[PDB]
Amino acid sequence: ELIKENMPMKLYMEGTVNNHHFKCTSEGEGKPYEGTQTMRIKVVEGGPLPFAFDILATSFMXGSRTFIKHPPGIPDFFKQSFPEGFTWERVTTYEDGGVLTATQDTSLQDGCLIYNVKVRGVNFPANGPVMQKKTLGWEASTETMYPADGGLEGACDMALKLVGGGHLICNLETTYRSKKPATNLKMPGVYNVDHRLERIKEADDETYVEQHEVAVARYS
Ligand SMILES: [Ca+2]
Ligand code: NI
Ligand code: NI
Ligand code: NI
Numbered sequence: 031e032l033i034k035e036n037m038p039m040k041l042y043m044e045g046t047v048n049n050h051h052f053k054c055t056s057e058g059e060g061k062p063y064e065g066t067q068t069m070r071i072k073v074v075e076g077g078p079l080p081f082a083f084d085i086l087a088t089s090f091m092x093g094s095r096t097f098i099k100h101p102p103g104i105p106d107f108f109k110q111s112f113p114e115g116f117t118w119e120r121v122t123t124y125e126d127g128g129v130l131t132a133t134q135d136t137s138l139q140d141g142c143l144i145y146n147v148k149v150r151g152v153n154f155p156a157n158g159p160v161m162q163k164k165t166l167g168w169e170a171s172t173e174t175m176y177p178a179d180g181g182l183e184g185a186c187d188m189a190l191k192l193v194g195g196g197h198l199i200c201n202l203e204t205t206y207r208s209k210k211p212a213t214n215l216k217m218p219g220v221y222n223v224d225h226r227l228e229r230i231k232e233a234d235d236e237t238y239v240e241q242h243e244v245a246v247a248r249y250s
């Protein structure tokens, strides 16, 4: 219907991480009913970024919620929200004190999903792995989804691989809000989304990135 078996995406992102401003654009496509997508991402202002691109990854199924495979038995808050669309607001808290806040608008225009993202990263240690570009991508994760007075909340711990073999742990708290009246939505129960966000290709300086995500919902 409005969400076809194949859907394209376009994105604009702007914000700051510590004292550095940047802008990104991306375009991609995916299979909403399979839970898969690919995004081709350009740093268009503020590049090369003096921090790990990994801290932005969930802002592009961590950020592209229409492409989560929901079995028919799990009401799909995101796909039900069209044509009106939805928003999300997240705080990602790293164990070393970095905090990445992101807010996002999702709309549907002429059969493309359109994302507008605002990023604010603060307090990343100057000599820590994010600002020193010592990260190696995200491990697979599970986000628990909680129906919340007409919205949906998500809660996830994620693990950022580090050069040396360790991990940097962070916590995600997200609020997902529909632009449809909640009374017009079927709310799901509590459920889980298993996510796999993978770096496919990059410019040496991370000013071009391709990343892939797979995301599939299940009842615990
Ligand atoms: Ca590991
Ligand atoms: Ni700005
Ligand atoms: Ni700078
Ligand atoms: Ni299928």
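Everything in the sequence shown is counted per this note's numbering, starting at 31 for the first residue and increasing by one.
From the three backbone atoms N, C-alpha and C, an ideal C-beta is built for every residue, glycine too.
Span of the alpha helix (DSSP H) holding residue i?
{"i": "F107", "result": "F107 to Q110"}
Indicate, with yes or no, if ligand 3 has a heavy atom lying under 7 Å from the CB of residue i.
{"i": "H50", "result": "yes"}
{"i": "residue 29", "result": "Nothing in the structure corresponds to residue 29, since the chain is present only between 31 and 250."}
Ligand 1 and residue i: does any heavy atom of the ligand fall closer than 7 Å to the residue's C-beta?
{"i": "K191", "result": "yes"}
{"i": "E228", "result": "no"}
{"i": "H197", "result": "yes"}
{"i": "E169", "result": "yes"}
Quick one: is the Cβ of residue i within less than 7 Å of any heavy atom of ligand 2?
{"i": "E57", "result": "no"}
{"i": "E44", "result": "yes"}
In terms of residues, what are the limits of the beta strand (DSSP E) holding residue i?
{"i": "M91", "result": "No beta strand (DSSP E) contains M91, which DSSP labels as neither H nor E."}
{"i": "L130", "result": "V129 to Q139"}
{"i": "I98", "result": "Taken as a continuous stretch (DSSP letters only), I98 belongs to no beta strand (DSSP E), as it is neither H nor E."}
{"i": "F116", "result": "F116 to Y124"}
{"i": "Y206", "result": "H197 to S208"}
{"i": "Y249", "result": "No beta strand (DSSP E) holds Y249; DSSP gives it neither H nor E."}
{"i": "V152", "result": "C142 to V152"}
CB-CB under 7 Å to residue i, same chain, minus the five flanking residues each way: which ones, in chain order?
{"i": "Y124", "result": "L198 and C200"}
{"i": "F90", "result": "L41, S56, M69, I71 and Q241"}
{"i": "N153", "result": "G127, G128 and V129"}
{"i": "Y63", "result": "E35 and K99"}
Among residues of its own chain, excluding the 5 on either side of residue i, which ones have a beta-carbon nearer than 6 Å to its beta-carbon?
{"i": "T66", "result": "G60 and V244"}
{"i": "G141", "result": "none"}
{"i": "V74", "result": "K53 and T55"}
Sequence-ordered residues whose beta carbon comes within less than 7 Å of a heavy atom of ligand 4: Result (chain order): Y63 and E64.
List, from N- to C-terminal side, the beta strand (DSSP E) runs of 3 residues or more that fit wholly inside the segment 162-192. 165-168, 171-178 and 181-192
Pick out the complete beta strand (DSSP E) segments inside the segment 34-84, 3 residues or longer, and give them in chain order. 37-47, 50-61 and 66-75
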